[PDB]
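Q: Let me give you the structure first, and then I'll get to my questions.
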Amino acid sequence: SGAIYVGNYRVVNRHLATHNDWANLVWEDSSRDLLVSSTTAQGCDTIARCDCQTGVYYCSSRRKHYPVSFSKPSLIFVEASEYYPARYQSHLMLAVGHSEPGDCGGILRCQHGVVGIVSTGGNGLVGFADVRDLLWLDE
Ligand SMILES: COc1ccncc1CC(=O)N1CC[C@H](C(N)=O)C1
Ligand SMILES: [Zn+2]
């Protein structure tokens, strides 16, 4: 679990969005596994605006932050799970690292700020849903 809190927005994995997030929906995209809902309070996370390919992510299944190298956002085949059938997920970045289903929501950060959140993984990989292209998160 986990979310990014920037301005009056809350960014979560779409598959983990609550019925309360859908009522307060701003934008969602099933192909990216993202949902953004509006908040009453102002958030303080800064979104990165960069092309960094190294960063640090939080892994809740190890209670540890790990440094990683990750691929640029791309269209990647993601195996079936209880939340989606087997499909291509867009704007996804992969790294070699540990992840379990419940690690979704953990933040990936670089020197510039938040890059994205854990969204996919298994078999020694971890995938992150990029948020750096969502320029409107800053307004
Ligand atoms: C961190 O994800 C995992 C880690 C280990 N085995 C499996 C997984 C993958 C997983 O459970 N999901 C839930 C839906 C999500 C998606 N974006 O399609 C992928
Ligand atoms: Zn960066």
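Just so it is clear, chain A uses Swiss-Prot numbers, and the residues here are 869-1007, in order.
So how was this one determined? The header says X-ray crystallography, 1.4 Å.
Keep in mind that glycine also has a Cβ here, set from the backbone N, Cα and C atoms.
Sharing the feature lines straight out of Swiss-Prot:
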ACT_SITE  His883  active site, for protease 2A activity
ACT_SITE  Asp901  active site, for protease 2A activity
BINDING   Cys918, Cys920, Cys978, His980  Zn(2+) 1 binding site
ACT_SITE  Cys972  active site, for protease 2A activity
Q: Looking only at Cβ atoms, how many others are within 10 Å of the one on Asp901 (active site, for protease 2A activity)?
A: 25
Q: Cβ within 8 Å of the Zn(2+) 1 site's Cβ centroid: which residues qualify beyond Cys918, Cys920, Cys978, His980?
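A: Apart from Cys918, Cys920, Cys978, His980, the close residues are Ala916, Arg917, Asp919, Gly923, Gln979, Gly981, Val983, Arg1000.
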Q: Can you tell me the CA-to-CA distance separating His980 (Zn(2+) 1 binding site) and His883 (active site, for protease 2A activity), as a whole number of Å?
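A: Checking the Cα atoms of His980 (Zn(2+) 1 binding site) and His883 (active site, for protease 2A activity) gives a distance of 27 Å.
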Q: Relative to the Cα of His883 (active site, for protease 2A activity), which of the recorded positions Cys918, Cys920, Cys972, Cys978 has the closest Cα?
A: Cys972
Q: Can you tell which of the recorded positions (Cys918, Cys920, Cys972, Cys978) has the fewest other C-beta atoms within 10 angstroms of its C-beta?
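A: Looking at the recorded positions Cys918, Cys920, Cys972, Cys978, the Cβ with the fewest others within 10 Å is that of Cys918.
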Q: Take the C-alpha atoms of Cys918 (Zn(2+) 1 binding site) and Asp901 (active site, for protease 2A activity) and report the distance between them in angstrom, rounded.
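A: Here the two Cα atoms are 21 Å apart.
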Q: Among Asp901, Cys918, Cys920, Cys972, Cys978, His980, please name the recorded positions whose Cβ is nearer than 6 Å to ligand 2.
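A: Near ligand 2, sequence order: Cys918, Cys920, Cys978, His980.
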